[PDB]
*Asks:* 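I have a structure I would like to understand better, so I am pasting it below and will then ask my questions one at a time.
Letters go in sequence order (proteins before strands), and every chain restarts at 1.
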Amino acid sequence: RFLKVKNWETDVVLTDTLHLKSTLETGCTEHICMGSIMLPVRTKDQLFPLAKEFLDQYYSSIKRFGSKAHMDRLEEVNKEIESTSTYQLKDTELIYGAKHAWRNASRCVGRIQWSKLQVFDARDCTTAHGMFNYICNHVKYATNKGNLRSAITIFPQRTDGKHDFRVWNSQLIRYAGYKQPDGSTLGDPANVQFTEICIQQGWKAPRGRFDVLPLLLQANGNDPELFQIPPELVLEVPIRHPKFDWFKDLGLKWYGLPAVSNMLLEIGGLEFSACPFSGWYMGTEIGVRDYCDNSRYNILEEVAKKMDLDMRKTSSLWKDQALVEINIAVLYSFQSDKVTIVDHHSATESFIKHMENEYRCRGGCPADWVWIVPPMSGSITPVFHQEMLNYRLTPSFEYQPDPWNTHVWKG
Amino acid sequence: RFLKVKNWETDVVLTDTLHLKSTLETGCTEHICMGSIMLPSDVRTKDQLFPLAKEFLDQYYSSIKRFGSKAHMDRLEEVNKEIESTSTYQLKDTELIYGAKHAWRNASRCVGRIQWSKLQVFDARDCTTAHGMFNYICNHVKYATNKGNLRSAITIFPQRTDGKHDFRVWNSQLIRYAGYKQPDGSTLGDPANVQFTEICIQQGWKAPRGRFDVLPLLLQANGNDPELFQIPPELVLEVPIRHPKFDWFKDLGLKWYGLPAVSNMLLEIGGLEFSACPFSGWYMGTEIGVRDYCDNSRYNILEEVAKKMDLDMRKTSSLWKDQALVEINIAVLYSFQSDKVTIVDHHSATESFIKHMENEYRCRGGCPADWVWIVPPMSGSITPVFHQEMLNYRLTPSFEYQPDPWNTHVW
Ligand code: HEM
Ligand code: HEM
Ligand SMILES: Cc1cc(N)nc2cc(-c3ccc(OCc4cocn4)c(CN)c3)ccc12
Ligand SMILES: Cc1cc(N)nc2cc(-c3ccc(OCc4cocn4)c(CN)c3)ccc12
Ligand SMILES: C[C@H](O)[C@H](O)[C@H]1CNc2nc(N)[nH]c(=O)c2N1
Ligand SMILES: C[C@H](O)[C@H](O)[C@H]1CNc2nc(N)[nH]c(=O)c2N1
Ligand SMILES: [Zn+2]
C-alpha cells in the first residue's frame with residue numbers, strides 16, 4: 001500500500017512505501033491530530049524482537065541478509081540476551097545505528113549530511129572524569145578551528161536504569177541564565193533552571209551575560225560531577241552587523257558548536273542515555289530563536305530602538321524588520337570568522353533534494369513539517385509548499401525526562 | 001483522553017474535552033501523521049441523513065438551552081417525518097444561521113475565528129437561475145465591502161438534491177485577477193488563475209489581457225451550464241499598493257482587492273450539502289504580501305523589489321528575500337490602512353486567535369486548530385501561535401473542499 005505527497009509549488013509527487021516499516025506510534029489517531037504537540041526499564045521479554053529487527057536491517061544494508069554471518073550474529077545475540085539479559089553491539093552496528101538514528105530524525109532539516117557522522121565509541125567509559133575527557137575530545141574534533149564536523153560520542157547503554165550515564169546539560173556548550181531579585185534575567189533565560197542546579201552543586205558563577213556553563217556529568221548512576229570545558233576549546237563568534245556599526249555595541253556573541261546532549265539513542269532495543277551529538281548551526285536557530293523569542297535574550301526591542309522603527313503599532317512590522325537584521329548579523333559574523341553556518345534558504349533547499357533522493361533510494365523520508373519549516377520567512381522556503389509524512393522509525397533519538405527529576409541521590 | 005495543550009511561551013495549559021465530540025476523520029493514524037497534507041478526504045441515503053440531523057438539532061437546541069424540551073422533541077419529530085417522506089429536509093432560518101456560524105467556528109485552519117458569531121447570513125435558497133445567483137452575489141459584495149469597512153458575510157444557495165442539480169460558483173473567489181500564459185516564457189497576471197482564466201475565455205470571456213483584470217463570475221444554477229457575468233467595477237474595492245518610505249514602490253504598478261470572498265467550498269449542516277456558499281471576511285496582510293506577491297508560482301515580484309532596494313542578491317545568505325518580504329508586507333498594511341480598508345496584520349490576528357482559543361477552551365471546552373495553517377507564512381516564531389500546541393479534529397457543521405466543477409460537469 002502506497003502513499004503520495006505533493007510539492008504544491010512544483011507539482012512533484014513522491015510515493016512513500018517506507019512508512020510501512022514504521023513500528024512506534026505517532027500520538028495521532030483517525031479522529032485527532034497531535035502534529036503540533038511538543039512531546040507526544042526494559043526486559044529480555046521484548047528485547048530480542050527489537051534486536052532481530054535491527055540486525056535484519058543491518059545485514060540488509062550490507063547485502064548480507066540471510067548470510068551465515070547474519071544467522072550467526074542473530075544466534076550469538078540470542079544467547080547473550082537469555083544469558084546476560086542484554087547484549088553488546090559490534091562497532092559496525094553501533095556506527096550504523098547512530099547514523100540511522102540521525103537519518104530517521106523526522107524533525108531534522110539537516111539530514112542531507114547523515115552519512116558523514118563521526119562516531120566516537122565511549123562505551124568503555126566508567127567515571128565522570130572519563131566522560132569529561134571524552135567530551136573534551138568530541139568538542140575539539142567537531143569544532144576543528146571553525147570548520148565544523150558532525151560527531152556523536154556514545155557512552156555505555158542503560159542496564160537496569162539504576163546505573164545510567166547522563167549528561168545533565170541540554171547542550172554541551174550553553175550560556176548561563178540568572179534570575180534577578182527584581183524579576184529580570186541576566187544571560188540566557190532558557191538555562192536559568194540548569195544554571196541554578198550548577199550553582200547548587202558548587203559551581204562558582206561569574207554572573208555575566210555569556211558565561212559558558214560547566215559540564216554536569218553522571219557516570220554509572222552516581223551523583224553528577226562538575227567540570228569546566230577549557231575555554232580554548234569553546235569557539236565563540238562576536239555578533240556584528242555588516243551595515244549597522246552600532247550592532248557590535250549590543251555586546252552579543254554566540255558559540256560555534258551546537259551539540260545536543262539530553263536525548264536518548266535507541267538502537268536494537270538498547271538505550272544509550274548519554275550520547276551527545278553535534279553538527280553546525282542553521283542561522284535562524286541563533287538569530288530567530290536564541291535572541292528574539294520573548295522568553296530568550298529578547299533583543300528584538302533594543303535592535304528596533306537603535307534602528308529607529310515605528311515601535312508604536314505592530315502593523316509597522318518593526319518586529320519582523322528587526323528579526324531579519326539580527327539574522328543577517330548572525331550569518332555575517334559566522335561567515336566573517338569562517339565558522340561553519342548555513343542560512344535557512346540553503347538548508348531547506350538541500351533538505352528537499354535530500355527528501356527526494358530518500359524517496360527514490362529508500363521509499364520515503366519521515367518529516368515533521370511543523371519542525372522542518374524555518375521559524376521566519378516560512379513560505380519563501382521550498383519546504384513550506386512541500387507535503388510530508390511523519391512516522392517513527394528505529395534506530396531513533398528520543399526524548400527523556402531531565403535527570404534531576406528522576407535521579408536517586410547518593411550523597 | 002481529556003487531552004491537554006501547553007503554550008510553551010507562557011506555560012499556560014488548556015484541557016480539551018471538545019475533541020471527544022469529533023465525528024469525522026483527520027487522515028492521520030497511530031502510525032502516520034498527515035497533518036501537512038493539503039487535501040485528505042453520490043447522494044446521501046435516507047438512512048445516513050437522519051442521524052446527521054439528530055446530531056445537529058441536538059446541539060442547536062442545547063445552544064439555545066432547550067435540550068430535551070417540547071420544541072426540541074417536536075422539531076426532531078418533524079424533521080424525522082420530512083426525511084422519511086421527502087428523502088431530505090429544510091432548515092429553519094434560525095438553524096441555517098446557527099449552522100453557518102458554527103461551520104466558521106469549526107474551521108480549524110482559520111486564524112480569524114474570534115469573529116465567528118458576527119457573521120451576516122444571506123439566505124439565497126429561493127434562487128433558481130445564474131442571473132439570480134449573480135444578483136445575490138453583487139448584493140453580498142456590496143454589503144461585505146461597506147465602503148472599506150468590511151463585514152463578514154455568507155450567501156447560501158440551494159442545497160444539493162441528487163447531485164444532478166448542484167448550484168456551483170466556479171470561481172475559487174468572487175474577486176480574483178486573471179492569468180494569461182505568454183508565448184515566450186512565464187505568465188502575465190496571476191498564475192494561480194491561469195487554468196480558470198482560460199475556462200473563462202474558452203467559455204466566452206473577452207479578456208482585456210492586463211495584469212489586474214478582475215475575472216468574470218461563472219455561475220452554475222440547478223446543474224445547468226454556467227454563465228459569465230461581470231461584477232460592476234464600482235463594487236470591486238481595490239487598494240493601490242505604495243510604501244511609506246519607498247517612493248519607487250508605486251512605479252511597480254501594484255494593487256490588490258479589498259474583499260477576500262472564497263466561493264469553492266461546500267458547507268455541510270446537519271447532513272445537508274450547500275455546494276454554493278460564498279463567504280467573505282477581510283484580509284490578513286500576509287495573504288496578499290507573502291503569498292499573493294512572493295510565492296514562486298504567484299506574482300513572484302521579489303526579484304525586482306530587492307533589485308530596486310539595491311540589495312546583495314548574489315548569495316542567499318544576505319537574506320535579501322527576507323528583507324524584501326518584510327517591506328512588501330509593510331506596504332500592503334500601509335496602503336490598506338491609508339485607504340481605510342479593513343486589514344489585520346499577522347501579529348494582531350494571531351494574538352487575537354490565542355485569546356479566541358482561551359475563550360473557546362473556557363466556554364466550549366476546546367478549539368480545533370491546525371498549526372500548519374494557523375502559523376503565518378512569515379516571522380512564524382515571533383507570533384504567539386508558534387509556541388502554542390494545538391489539537392486538530394473535525395467538527396460539524398463544516399466547510400469542506402469539493403472537486404472543481406469542470407472536472408465533474410457533464411457539459
Ligand atoms: C549538520 C548540521 C545540522 C543542522 C543544520 C541541523 C539542524 C536542525 C534543526 C534546525 C533542527 C530543529 C530544532 C530547532 O530548531 O529547535 C534539528 C533537529 C534535530 N536534529 Fe539536526 N541538524 C544538524 C545535524 C544533526 C546531527 C549530526 C544530529 C544527530 C546525530 C541531529 C539530530 C537532530 C534531531 C534528533 C533533531 C530533532 C529532535 C527532536 O525530535 O526533538 N542533527 N536539526
Ligand atoms: C474576517 C476575517 C478573516 C480572516 C483574517 C481570516 C484568515 C484566514 C487565513 C489567514 C486563512 C489561511 C488560508 C490561507 O493562508 O490562504 C484562513 C482559512 C479559512 N477561513 Fe478564515 N479568515 C477570516 C474570515 C473567515 C470567514 C468569515 C469564514 C467563513 C464564514 C472563514 C473560513 C475559513 C476557512 C473555511 C478556511 C480554511 C479552509 C480549509 O479548511 O482549508 N474565514 N482564514
Ligand atoms: C545536531 C544539531 C545541530 C543543529 N544545528 N541543531 C540541532 C537542534 C537539535 C534540537 C532538537 C530538539 C529541540 O527541542 C527540544 C525541546 C524543547 O522543549 C521541548 N522539546 C531543540 C531545541 N534546543 C534542538 C538537536 C540537534 C541539533
Ligand atoms: C473568509 C476568508 C478570509 C480570509 N482573510 N482568508 C480566507 C482564506 C480562505 C482559504 C481557505 C482554503 C484555502 O486553501 C484551499 C486550497 C485550494 O487549493 C488547494 N487548497 C485558501 C488558500 N487559497 C484560503 C478561506 C476564507 C478566507
Ligand atoms: C505543503 C503544505 O501543507 C501547504 O503548502 C500548506 C502549508 N500551510 C499553509 N498555511 C496557510 N495558512 N496557507 C497555505 O496555503 C498553506 N499551505
Ligand atoms: C507548539 C509547537 O509545536 C512548538 O513551538 C514547536 C513548533 N515548531 C518548532 N520548530 C523548530 N524548528 N523548533 C522548535 O522548537 C519548534 N517548536
Ligand atoms: Zn497527525
*Asks:* With sequence neighbours left out, what residues match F165(A) under ring-ring contact (aromatic ring centres under 6.0 Å, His included)?
*Replies:*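 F165(A): no ring-ring contact (aromatic ring centres under 6.0 Å, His included) contacts found.
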*Asks:* Looking at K162(A) and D160(A), is any side-chain nitrogen of the basic one under 4.0 Å from a carboxylate oxygen of the acidic one?
*Replies:*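 Looking at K162(A) together with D160(A), the answer is no, because their closest N to O distance does not fall below 4.0 Å.
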*Asks:* Only counting residues at least two apart or in another chain, list the ones meeting ring-ring contact (aromatic ring centres under 6.0 Å, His included) with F386(B).
*Replies:*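 If we apply the ring-ring contact (aromatic ring centres under 6.0 Å, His included) test to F386(B), skipping adjacent residues, the hits are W371(B).
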*Asks:* In chain order, what residues pass the side chain to side chain contact (heavy atoms under 4.5 Å, CB included) check against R362(A), with sequence neighbours excluded?
*Replies:*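 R362(A) satisfies side chain to side chain contact (heavy atoms under 4.5 Å, CB included) with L18(A), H100(A), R103(A), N104(A), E358(A), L393(A) once adjacent residues are dropped.
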*Asks:* Is there a side-chain contact between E398(A) and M263(A), using heavy atoms and a 4.5 Å cut-off?
*Replies:*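 No; the side chains remain at least 4.5 Å from each other.
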*Asks:* Any idea how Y281(A) and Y255(A) line up, ring-wise: parallel (<30°), tilted (30 to 60°), or perpendicular (>60°)?
*Replies:*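 Tilted.
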*Asks:* Do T195(A) and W203(A) have side chains that approach each other closer than 4.5 Å (heavy atoms only, starting at C-beta)?
*Replies:*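 The answer is yes, as the side chains (C-beta and beyond) meet within the 4.5 Å cut-off.
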*Asks:* How about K99(A) and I152(A): do any of their side-chain heavy atoms sit closer than 4.5 Å?
*Replies:*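 Of all side-chain heavy-atom pairs linking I152(A) with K99(A), none is under 4.5 Å.
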*Asks:* State whether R240(A) and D337(A) are salt-bridged, where the test is any N-O pair (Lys NZ or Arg NE/NH1/NH2 against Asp/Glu carboxylate O) under 4.0 Å.
*Replies:*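 Salt bridge flag = yes for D337(A) with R240(A).
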*Asks:* Assess whether a salt bridge exists between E266(A) and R392(A), defined as any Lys/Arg side-chain N lying under 4.0 Å from an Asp/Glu carboxylate O.
*Replies:*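 Salt bridge absent between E266(A) and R392(A).
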*Asks:* Mind checking whether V303(A) and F247(A) have side chains closer than 4.5 Å, heavy atoms only?
*Replies:*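 SC-SC contact between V303(A) and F247(A) confirmed.
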*Asks:* Determine, for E236(A) against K253(A), whether the closest basic-nitrogen to carboxylate-oxygen distance falls under 4.0 angstrom.
*Replies:*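 Looking at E236(A) and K253(A), the cut-off is met.
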*Asks:* Quick one: does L250(A)'s side chain get under 4.5 Å of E302(A)'s, heavy atoms only?
*Replies:*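 Yes - at least one pair of side-chain heavy atoms lies under 4.5 Å apart.
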*Asks:* Only pairs under 3.5 Å count here: list side-chain donor-acceptor contacts from residues 372-381 of chain A, not counting sequence neighbours, and write none if there are none.
*Replies:*
residue : atom : partner : partner atom : Å
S377(A) : OG   : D322(B) : OD2          : 2.5
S379(A) : OG   : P377(B) : O            : 3.4
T381(A) : OG1  : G378(A) : O            : 2.8

*Asks:* Is the closest basic N to carboxylate O distance between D91(A) and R123(A) below 4.0 Å?
*Replies:*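 Result for this pair is yes, salt bridge flagged.
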*Asks:* I'd like to know whether CD of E301(A) has more than 12 heavy-atom contacts from other residues, nucleotides or ligands below 6.0 angstrom.
*Replies:*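 Counting neighbours around CD of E301(A), more than 12 heavy atoms of other residues, nucleotides or ligands fall under 6.0 Å, so yes.
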*Asks:* Tell me every residue that passes ring-ring contact (aromatic ring centres under 6.0 Å, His included) with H31(B), counting only those two or more places apart in sequence or in another chain.
*Replies:*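 Partners of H31(B) by the ring-ring contact (aromatic ring centres under 6.0 Å, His included) criterion come out as none, since no residue qualifies.
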*Asks:* Counting only pairs under 3.5 Å, give me each side-chain donor-acceptor contact of residues 404-411 of chain A, with atom names and distances, residues two or more places apart or in other chains.
*Replies:*
residue : atom : partner : partner atom : Å
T406(A) : OG1  : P403(A) : O            : 3.3
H407(A) : ND1  : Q218(A) : NE2          : 3.4
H407(A) : NE2  : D223(A) : OD1          : 3.1

*Asks:* Does the side chain of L216(A) reach to within under 4.5 Å of the side chain of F194(A), using non-hydrogen atoms?
*Replies:*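 Of all side-chain heavy-atom pairs linking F194(A) with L216(A), at least one is under 4.5 Å.
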